[PDB]
Every structure is written in structure tokens, then in C-alpha cells.
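Here the structure is laid out as C-alpha cells; the discussion comes afterwards.
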Amino acid sequence: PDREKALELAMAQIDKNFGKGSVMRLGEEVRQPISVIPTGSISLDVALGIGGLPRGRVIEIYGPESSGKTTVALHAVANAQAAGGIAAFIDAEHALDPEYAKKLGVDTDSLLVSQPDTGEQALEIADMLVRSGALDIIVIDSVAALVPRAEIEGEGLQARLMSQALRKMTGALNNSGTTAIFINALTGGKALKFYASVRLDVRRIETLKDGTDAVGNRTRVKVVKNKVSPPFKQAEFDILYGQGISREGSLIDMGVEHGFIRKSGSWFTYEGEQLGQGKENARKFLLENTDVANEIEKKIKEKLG
Ligand SMILES: Nc1ncnc2c1ncn2[C@H]1C[C@H](O)[C@@H](COP(=O)(O)OP(=O)(O)OP(=O)(O)O)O1
């Protein structure tokens, strides 16, 4: 009754019993199923293990304000649509800014937005839309704003309100193939924390300036809960003030550790043809000749999945 031999037998019996990856082995580099929505953040993409949000699963993305959570999610929408997908936004914060969005690749004019009047309302006009089997992705804004009917009328539900909608709506988008993004902001999240298949921790680390007015910021995302690929991985990226995730910038951060670029004297170089000094000067260099940037994305998309 060899150890390893006895382990895998009882172990595989679980996936059968409770789910695909109820018991994951942190090192395993397993890859199967896929069906993901790029987050336009290569880095983060790998972090997930399958290169993007698994479609057909409830995802949580918490983090304090200004953190860039919305941005990520929106990015998720650009992609989800830039591939013929139908997006649904359940605005309950009413903070959304179109101009910024449209600058990320979102097809606003063909985006579903809805501003419910009560917690219940939101959780239905959403669940309903999911059962319509038309949406590819659907974010809901601010788990918090989802206040029970009362507490708006007369006078803890919510911890209950959320629970219900989930049990129902988890099965629904489960065989619909429509990924549901929720958005926390450090209640009901005591259940979302248990339904979500992937919960993200978005929190702003640094600030990306150049003796200028600062602009964006280096964001750190730690994927504390994952059920498709192994959990706990993490990745950082740049978010430019009014422009979004620095695909180019992310391309250098990743193109330097992976050994596809070299930094001799703070002087960037991609195999014999230098890029410039500093970072803000290099991302500016790729932002031009996309064929050069394309190779690197095409190169890192090889070193890994
Ligand atoms: N009113 C604005 N004007 C110009 N750029 C903005 C504005 N709001 C956000 N941005 C851009 C630059 C900020 O660094 C970046 C922050 O990420 P965002 O996801 O928009 O914050 P957030 O999701 O953590 O806070 P919130 O809870 O308000 O949504 O988005």
C-alpha cells in the first residue's frame, strides 16, 4: 500500500466527490479546460494559471478604493466583447465613467447597464440576464451597495440576501458559460467568499511618476482563492492615469525576469537592438513599433502557457 500510490487513489476520489480541484497540489502545473477571458495583463494572466478569468464561474475582486479593481474588471469586458461577447453591468454605485472605459477597448454603445432600486432587484435583473444565456461576462458593482429592501424603507439580511441569489445563480451561470464578476471594497461577502471559484486581492502598492504629476500606479494583485489552477500566486502591473494597464510596461517587467531583455546600465535591450534608458522611456519605445512588442508577447506566451 505504497504512500504516493495510496494517496492519489483517495485523492482522485475527492475531485469525483466534491469537484475538479477541491484538492490541489501547489506545484502542479496542470492545464486543461481553459475557456478564459484575458485580463489584458499578461502578468496577472499567468498568475491565474490558465491565463485569464475562467468563464462560467463567479469571481470576486476585492480591494480598497482607488485600487484599480473596476479597471481590471472593465478590462475583462473589453476582451470579452472584442471577441463578440455580450457584457452586462449592474451599476449600484453609479460611479462609472464612459470616457475612460471606451479608452480600454469597451464597446460602450453595445453594453448592458442597469441601475436597480434594491438589493433584491439587482440580484434578479442579473440572475435573469444570466439565465438568458446571452451574456459572456457580467460585473456587478459594489457588493456593498446591494442594500436589502428595508434599510431603504423601514427597518441582518444581505448576509441572507446574497446567500440566496448565489445558490441559485451559481448553478445558473454554471452551465451557461457566463462569468460573473462581483466587486468588493474593504457582510454578505461571508458567502461570496465561499461561492466564488476565484477571489482576487487588488491593492495599490507604489506610484509611477517621472518628476511629473504622478499619473498611474504599480498595482499588486494576490489571487488568494483559486480552484482551477493552484492558489496564492501573484503579479504586479502598471495602470496609467486615464489609460489603463500598461500592456507594454507589463511586457518589460515580464521581459526582464524571463530573460528576454537585458538591463546593462539601466539601458534596456532586446537581443542586440537596445530600447532606451529607464522604464518610462522603454514602454514609450514599444508603444510605437508593435511588431517588436508582438514578438515578446509571442515569446512569453511560449515560455509558459
Ligand atoms: N475620476 C477619474 N479621473 C481620471 N482617472 C481616473 C478616475 N478614477 C479612476 N481613474 C483611474 C486612475 C486611478 O489610478 C485608477 C484607479 O482604479 P479604479 O479601478 O478606477 O479604482 P477603484 O476600483 O479601486 O476605486 P472605486 O471603489 O472607486 O471603484 O483608475
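The values are calculated or read from the model by the stated rules, or taken from the named source; these are not laboratory values. Virtual Cβ from ideal backbone geometry, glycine too; neighbours counted across all protein chains shown.
Let me spell it out: the conditions are (1) within 30 Å of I42 (Cα to Cα); (2) within 16 Å of the ligand (Cβ to nearest atom), and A145 meets all of them except one. Which number is the exception? Single failed check for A145: (1).
Out of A47, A73, one residue alone is farther than 13 Å from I137 by Cβ and not in a loop (DSSP other than H, G, I, E, B). It is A47. Answer yes or no: is there a residue in segment 41-52 that is within 16 Å of the ligand (Cβ to nearest atom) and surrounded by 24 or more Cβ atoms within 10 Å (Cβ to Cβ). Taking every residue of segment 41-52 in turn, at least one turns out to be within 16 Å of the ligand (Cβ to nearest atom) and surrounded by 24 or more Cβ atoms within 10 Å (Cβ to Cβ). I'd like to check something: does segment 83-92 contain any residue that is of a type in the set (D, E) and more than 13 Å from the ligand (Cβ to nearest atom)? Taking every residue of segment 83-92 in turn, none turns out to be of a type in the set (D, E) and more than 13 Å from the ligand (Cβ to nearest atom).
Look at segment 78-100: where a residue is closer than 16 Å to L146 by Cβ and a partner is away from the ligand (no atom under 16 Å from the Cβ) and in a helix (DSSP H, G or I), sitting 6+ places away or on another chain with Cβ atoms under 6 Å, you get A88/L129; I90/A122; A92/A122. The condition of being part of a loop (DSSP other than H, G, I, E, B) and of a type outside the set (G, A, S) holds for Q32. Considering (1) surrounded by 19 or more Cβ atoms within 10 Å (Cβ to Cβ); (2) farther than 27 Å from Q243 by Cβ, the lone condition that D141 does not fulfil carries the number (2). Can you say whether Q164 is in the same structural domain as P116 (by CATH) and either touching a helix residue (DSSP H, G or I) at 6+ places or on another chain (Cβ under 6 Å) or in a helix (DSSP H, G or I) (or both), as far as the supplied structure shows? Yes.
Filtering segment 57-70 to residues that are in contact with a helix residue (DSSP H, G or I) (Cβ under 6 Å, 6 or more places away or on another chain) and either more than 10 Å from the ligand (Cβ to nearest atom) or not in a loop (DSSP other than H, G, I, E, B) (or both) leaves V58, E60, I61.
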